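Participant: give me a model of this one.
(chains A, B, C, D, E and F, ligands or ions: 4)
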There are 6 protein chains.
Amino acid sequence: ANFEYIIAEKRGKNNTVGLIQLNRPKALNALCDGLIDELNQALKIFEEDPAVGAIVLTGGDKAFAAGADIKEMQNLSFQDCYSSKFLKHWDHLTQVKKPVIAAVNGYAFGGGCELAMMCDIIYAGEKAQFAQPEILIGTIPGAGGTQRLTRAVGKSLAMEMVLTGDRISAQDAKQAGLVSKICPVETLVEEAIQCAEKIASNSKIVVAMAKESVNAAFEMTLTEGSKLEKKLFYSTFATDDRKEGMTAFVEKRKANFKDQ
Amino acid sequence: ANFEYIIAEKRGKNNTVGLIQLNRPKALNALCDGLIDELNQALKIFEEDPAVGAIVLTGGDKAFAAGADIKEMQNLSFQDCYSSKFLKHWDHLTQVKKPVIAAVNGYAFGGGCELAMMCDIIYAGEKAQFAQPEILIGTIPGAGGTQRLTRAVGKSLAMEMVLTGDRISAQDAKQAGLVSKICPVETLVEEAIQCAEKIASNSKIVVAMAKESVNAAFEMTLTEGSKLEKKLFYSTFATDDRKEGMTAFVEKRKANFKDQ
Amino acid sequence: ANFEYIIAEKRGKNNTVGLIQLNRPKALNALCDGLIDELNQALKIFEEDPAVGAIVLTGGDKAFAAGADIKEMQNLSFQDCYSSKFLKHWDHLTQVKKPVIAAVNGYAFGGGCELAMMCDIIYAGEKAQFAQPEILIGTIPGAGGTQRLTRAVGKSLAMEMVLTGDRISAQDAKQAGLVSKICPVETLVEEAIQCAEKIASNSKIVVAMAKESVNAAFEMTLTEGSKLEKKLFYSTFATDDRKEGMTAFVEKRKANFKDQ
Amino acid sequence: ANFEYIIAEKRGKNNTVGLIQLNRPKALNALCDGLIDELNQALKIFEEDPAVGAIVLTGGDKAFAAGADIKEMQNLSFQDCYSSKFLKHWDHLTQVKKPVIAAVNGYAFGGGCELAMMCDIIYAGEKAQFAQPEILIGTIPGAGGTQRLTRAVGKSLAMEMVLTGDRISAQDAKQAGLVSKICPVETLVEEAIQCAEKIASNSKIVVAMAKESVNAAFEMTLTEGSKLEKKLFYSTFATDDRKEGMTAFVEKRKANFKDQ
Amino acid sequence: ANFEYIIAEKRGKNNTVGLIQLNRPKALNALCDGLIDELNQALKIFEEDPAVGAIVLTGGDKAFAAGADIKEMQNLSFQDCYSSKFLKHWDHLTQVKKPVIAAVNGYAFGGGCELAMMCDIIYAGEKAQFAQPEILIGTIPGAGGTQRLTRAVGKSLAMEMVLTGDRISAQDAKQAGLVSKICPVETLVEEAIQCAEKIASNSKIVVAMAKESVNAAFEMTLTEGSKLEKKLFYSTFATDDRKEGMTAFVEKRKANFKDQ
Amino acid sequence: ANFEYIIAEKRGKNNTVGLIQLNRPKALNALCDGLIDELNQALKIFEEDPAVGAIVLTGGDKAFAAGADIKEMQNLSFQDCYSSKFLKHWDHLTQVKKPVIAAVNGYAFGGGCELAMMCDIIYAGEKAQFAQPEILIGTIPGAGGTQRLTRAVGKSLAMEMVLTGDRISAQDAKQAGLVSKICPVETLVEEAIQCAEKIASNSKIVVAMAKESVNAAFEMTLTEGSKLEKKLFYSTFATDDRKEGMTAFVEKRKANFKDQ
Ligand SMILES: [Mg+2]
Ligand SMILES: [Mg+2]
Ligand SMILES: [Mg+2]
Ligand SMILES: [Mg+2]
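Facilitator: Numbers count the residues shown, from 1 in each chain, chains lettered A, B, ... in the order given. Ligands and ions are numbered 1, 2, ... in the order given. Below, you will see the structure:
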């Protein structure tokens, strides 16, 4: 319902896309515990909604998210960290079944960068900037900064970025495979919506098998990933939407999915 | 035998390349059971031919393969699929020990795209297009689409492709690493045959060991992939061609290999 | 000490960067046992040196290294290789805690390419050329040319390089993610040192944990990698530098790391 | 809260053990939503209670848990199962960071057995029986039943148990290492508490890491397990309870752990 | 067909079990290429036969199989082996979707023991002996004898068996978990048939999934193995036999499975 | 050299076994640095000695190794363990190419138990006891005692031993697969030497390959485990000893292996 760190609203034609704007520009959308709490509540209600098929995540023109809130972390001990399982809440984004598109304008550093990488797709603004400056303040990134980055971008660029704290541009991010489309700043959010919209017009149950199938590519060997894929593939033949979509092509007419 | 769906021919210098062309242009080379049946026969003849050192696979100038034959899948049940090991036959291509180069002009969609990714090397034409549009017909890619794509191009672009069914250009695929060379439509097939000629000049057995070692990059941690590679490496030192290859270099002369 | 195959000097402000220059130019820095033996000695004293934070490894302007010494390999048998654990001494470079940057001008072929790929970051000169031509001498890459290359560059290009022995430009290399920056031949080594310089001013302990985390991306599933990253992340909180880094940030001043 | 399917109470001298007893004897502690929901609340509490060092899970004397509530699963569709993750909340045992010990008297069938296997340590009564009989009612085990059983017991016996639904005694389970102790029915829960009470004596933080390290053995290669273990083994030196544990030993006395 | 090396017959009440008896006693069922071709033939027709729900593989009373045929392997070079993919044809048994039970009487040495380990369940006779004696003829086991054995029995005993060639008894093997039952010599095969009979009572499709799930235990981390298990579990809710099976339990009657 | 903590000498038929006896009985063979240093020198020597084919490691009748040495460890900080790569030198055992057998009489606790488990084979005297009591002094095992133990013995017993520090008997260890023989105390060492003699009379090169194939069971999936095994299986066909073994068999005579 009511939110003070973010702005969540349904968007697209037929409102089939849920947009989540991080709205804490004063500290460039720095990711405190209360901010994350609210994104999780927001994600939950969009996951729960039957009309919603794809979620789009963004911040402002200047920043997607500058990073973790450093003023909270400052006095933590080792024991405090391990016992509490600090940054457990931050992983929620990777357990949503419906797909999430990151629309990243301006700065995505540290947590913000890590948040974008947890998403399934990233669209970048022209003046978007990606970095993992943790090393500069005596830590390493602790939310897949080392894992998801390196897998996208390759060892040499990940090592360079993680060990120096250096930033890369949206153009390089695209070239390296971290992001998959570059858009003007003014139309970025809209272009992500139109993509989210396309995905939303496909069957929710099958779309979720697809997403799950693509995430197995980082969790197992190709041989077993192939096998797992074949079983999700076979599974689709137990859905109505799969008979609908395939007989639509053969009849040369428009398909209509009931997410079933 | 005598094919109805494909053209299999020896090409290159001294006919050391096996060219398989998918020749079902009325259906945009849609990969029906009968066509894969023949493709697999051609693959087996060239595997057994001591003359042949590498294989190039193509379709027409308009289409490589537009997909699986959606008219055949229309009335499959979940039981039909599981107990038929449906699409298993499509994997014979992954068991070929000689290198296979895919020369993709025009459309390589869905099944067609997957066939391309199973090959060791992909060359694309200027107007080539890749897509996994199974999501539009209410399935997911069921022949490595999600696995090989994601491993080649990174999450963002694979998620966008599989979830929306969108197409990427020849040039989008080169930048992503899905393909390794772009050619003029008119010379693609010849450029691929030249690449196959080179490979064929090398020792078949050490070439087989190299391909096996490269494929292992997706089946193992790096530590064990490194251990596997050494076993193959040391193994080469039991071949006549290794001795000849290194003696050629020391005597400043051309190597003349004997597949042994 | 007094090496004959290499030069080793401390560089950067306050001699915080170790530079190793392969100096066997008459043989294009071909990696004979003697040379690798000196390389490892030099890595050891830099690794043991508390002033040094980073290591830059380079060759000549014409050649980084043109491969493993083929004359030493020529008369080896299978039994010689296996029992002598041939090439095992090369791996010492993968075991150094501190970051190593390759600065590649000219040829990096076969073992030379493999040596570069074992470093964390690769910087390339505008005329650098990468290749794995082992197949042309009747062997396969035996020091991770099929493992690390594939993981960087993708299957297609890797297969094409490994099976044909063909070379790729510095520009190709960067595009494929094998290298993270290209520079002019003239200033490569100085720009590599500058990168090393930044890294070396960060906490040596947390930097080492950072690197150990990024390398984990090739040794485990993303799930376990994430868990490993967290364990290391929490571990930083037991260090003096991690407090000194964050407190320096908050107070808006220079952090003063004591590598502890 | 005042539970209706279970009993949850603190036990041992100084009440340092959590005991959860499944109390649905009429249905032979068959697992239904209502029972699982409460078990999960009881785990949550004991995990939060700083006096609780270990948990014991048990049933009655005739039955630990005799399978699941099949009357609930009876009308379910495939879609219903997948969309609404079925048996998701049956998994919180695998997320408790303190050690849980199954104390199995009588039948542990279907989910019963799975529930026991999800625990760290299984103690079995003399007349205890284990089976995965889901095959007989047209399913397969869906709570790690094929996965944890096989890794405990081995392929032959796991395959025999799963494909026939046949039952093994406590004596067979012990031989095969599914359970690690056999006790008289009368004193089973009593032995389980004594074992739990020793575990409760140790440092809560250091016990937690030891647990995570053992669990690692089923999720990584031996190579990386060893690395992970080492890193946790280094972590212990950040804690007071290790400084305290070792200095108590060298001073020849009993140690006072503060779970820190 | 007209098998010269084996005997294949349907067995059990209702002929729902297929028996394959290796019948080359003059060579102690040594596994020459001819014998394996026929074994593979028999497996295929029992795999295709809809009445057959489980297979039993045996040899004679003196010998299950004494190993790979050492007279055939004698004159093979390294080149021959690698290029001929030697022993690759043995793996077809691992591709059968129906369960296979090895009934081992007397000698199961080297390849004999490897073949039995490829089966899903092993029943051993009181006088059976297991060994991997390849080392005493200057090879290692090359059909899973280092891999399955180790996984069943543990490092210490595997290392002992493979490095010395020493044999173990049925009792040793049961203790180690290589075999799940010991039978008298004279009723072993019938006892095995009775295990097959029970397996054949259940739904062939759900049994195929069950078997496929248990095999996954050796190919994945426990985390991925559970998600694969969950997906197969859900898949069963798409079959006739699971509703029938569950509705038959609730109604306290005998289920009638349709393998569907 | 002139050892002060160990006794090293050649034993067995023709002095082909290398015996390392830990000889610090009054400290129950606690694994201090001086002793591990010497151990490693002794491994290096027997590994280089072409007379030696296998190694037996032991302590005295009352103790194999009571563990590590808390005095050394008492003041270690977190930073000092990580920076100094603590217990790195304790791993050299896992890098010997020749087989190592442990002959464990009496106490093998903590570091002593890990040291045993690092060996290929464990033989235990009738009064042997195994334990991992690190938890009682506030650490976890740091030398694979959470990893090798769990793989050998199963989760329940592993969790029990590590979380309580409780001993198990020699008889319990064999039941669980941690050790492969139990011997009378007085003849233990001689039985281990007999087992070593057998190994030493086989081909060293093929023995080493076999040990490698077995060690791989814990480093990859069974699919890739099998492929690695095949590559080693073929490589033996490059050796003289394989031809000699198979020919010996064919000519009804004793093989005479030459280590080649
Ligand atoms: Mg090389
Ligand atoms: Mg790339
Ligand atoms: Mg066991
Ligand atoms: Mg054999």
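
Participant: is chain B contacted by the helix or strand residue A:247 falls within?
Facilitator: Under the criterion of DSSP states H and E, residue A:247 resides in helix A:240-251. Yes - using Cβ under 8 Å from any Cβ of the partner chain, helix A:240-251 reaches chain B at A:241, A:242, A:243, A:244, A:245, A:246, A:247, A:248, A:249, A:250. All C-beta spots, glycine's among them, are computed from the backbone N, C-alpha and C.

Participant: show me what contacts the fourth one?
Facilitator: With contact set as Cβ atoms under 8 Å, 6 or more residues apart in numbering or on different chains, residue A:244 has these partners: A:255, A:256, A:257, A:258, B:138.

Participant: most neighbours, which of these?
Facilitator: Using other Cβ atoms under 10 Å in any protein chain shown as the neighbour test, those are led by residue B:138, with 26 neighbours.

Participant: state the distance from the residue lying closest to that one once chain neighbours are set aside to ligand 1.
Facilitator: With sequence-adjacent residues excluded and distances taken as Cβ to Cβ, 6 or more residues apart in numbering or on different chains, residue B:138 is closest to residue A:245, at 2.8 Å. Per Cβ to the ion, to the nearest Å, residue A:245 is found 51 Å from ligand 1.

Participant: list the contacts of the residue nearest in space to the middle of chain A.
Facilitator: Closest to where the C-alpha atoms of chain A average out (Cα atoms, centre = their mean) is residue A:119, at 1.5 Å. Residue A:119 makes contact with A:57, A:93, A:100, A:101, A:102, according to Cβ under 8 Å, 6+ apart.

Participant: burial measure for the third one, as a count.
Facilitator: Applying the criterion other Cβ under 10 Å, we find 26 residues in the vicinity of residue A:100.

Participant: find the nearest non-adjacent residue to the residue in the stretch 51-200 of chain A that ligand 2 sits nearest to, please.
Facilitator: Ligand 2 sits closest to residue A:177 of the stretch 51-200 of chain A, with a gap of 5.2 Å, by Cβ to the ion. Nearest non-adjacent residue to residue A:177, counting by Cβ to Cβ, 6+ apart: residue B:154, 3.2 Å away.

Participant: cool, and residue A:63?
Facilitator: Using Cβ to Cβ, 6+ apart, the closest residue to residue A:63 is residue A:28 (3.9 Å).

Participant: tell me how far that neighbour lies from residue A:60.
Facilitator: Shown here: residue A:28 relative to residue A:60, a distance of 8 Å by Cβ to Cβ, to the nearest Å.

Participant: what number of residues lie near the residue nearest to residue A:177?
Facilitator: 24.

Participant: ok, it - contacts?
Facilitator: A:151, A:152, A:153, A:176, A:177, A:178, A:180, B:176.

Participant: neighbours of the nearest residue to the third one once chain neighbours are set aside, how many?
Facilitator: Nearest-residue entry for residue A:153: residue A:176, 4.3 Å, with adjacent residues in sequence omitted and distances by Cβ to Cβ, 6+ apart. In terms of burial, residue A:176 registers 25 neighbours under the definition other Cβ under 10 Å.

Participant: how about the contacts made by residue A:176?
Facilitator: A:152, A:153, A:154, A:157, A:168, B:154, C:177.

Participant: which of the residues you listed fall in strands?
Facilitator: residue A:168 (DSSP state E).

Participant: burial measure for the closest residue in space to residue A:125 that isn't next to it in sequence, as a count.
Facilitator: Leaving aside its sequence neighbours, residue A:125 sits nearest to residue A:105 (Cβ to Cβ, 6+ apart; 3.8 Å). When neighbours are counted by other Cβ under 10 Å, residue A:105 registers 25.

Participant: separation between residue A:105 and chain D?
Facilitator: Using Cβ to the nearest Cβ, to the nearest Å, residue A:105 is found at 34 Å from chain D.

Participant: swap in residue A:31?
Facilitator: 24 Å.

Participant: what's the closest non-adjacent residue to that residue?
Facilitator: Residue A:31's closest residue in space is residue A:111 (Cβ to Cβ, 6+ apart), at 4.3 Å.

Participant: thought that neighbour was touching residue A:68?
Facilitator: Yes - Residue A:111 lies in contact with residue A:68 (Cβ atoms under 8 Å); the separation is 4.4 Å.

Participant: what's the overlap in contacts for those two?
Facilitator: In contact with both residue A:111 and residue A:68: A:30, A:31, using Cβ under 8 Å, 6+ apart.

Participant: what about residue A:215, neighbour count?
Facilitator: Neighbourhood size, residue A:215 [other Cβ under 10 Å]: 18.

Participant: state the phi and psi torsions of it.
Facilitator: Main-chain torsions, residue A:215, degrees, to the nearest 10: phi -70, psi -20.

Participant: so how far is ligand 4 from it?
Facilitator: 40 Å.

Participant: assign residue A:98 to helix, strand or coil.
Facilitator: With DSSP: H, G, I helix; E, B strand; the rest coil as the basis, residue A:98 sits in coil.

Participant: so what's it up against?
Facilitator: Counted by Cβ under 8 Å, 6+ apart, residue A:98 has contacts A:46, A:47, A:52, A:53, A:54, A:55, A:204, A:207, A:208.

Participant: run through the residues of the stretch 151-260 of chain A sitting next to chain F.
Facilitator: In this structure, the stretch 151-260 of chain A approaches chain F at residues A:221, A:223, A:224, judged by Cβ under 8 Å from any Cβ.

Participant: give me the buried subset of those residues.
Facilitator: A:221, A:223, A:224 (16 or more other Cβ atoms under 10 Å in any protein chain shown).

Participant: show me the subset of the residues you listed that also lies near chain E.
Facilitator: A:221, A:223, A:224.

Participant: tell me which of the residues you listed fall in helices.
Facilitator: Counting by DSSP state H, those place A:223, A:224 in helices.

Participant: let me have the ones next to chain E among the buried ones among the residues of the stretch 151-260 of chain A next to chain F in JSON lines, extended by distance to residue B:13.
Facilitator: What follows is these, written out as JSON lines (distance: Cβ to Cβ, whole Å):
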{"residue": "A:221", "distance to residue B:13": "38"}
{"residue": "A:223", "distance to residue B:13": "36"}
{"residue": "A:224", "distance to residue B:13": "41"}
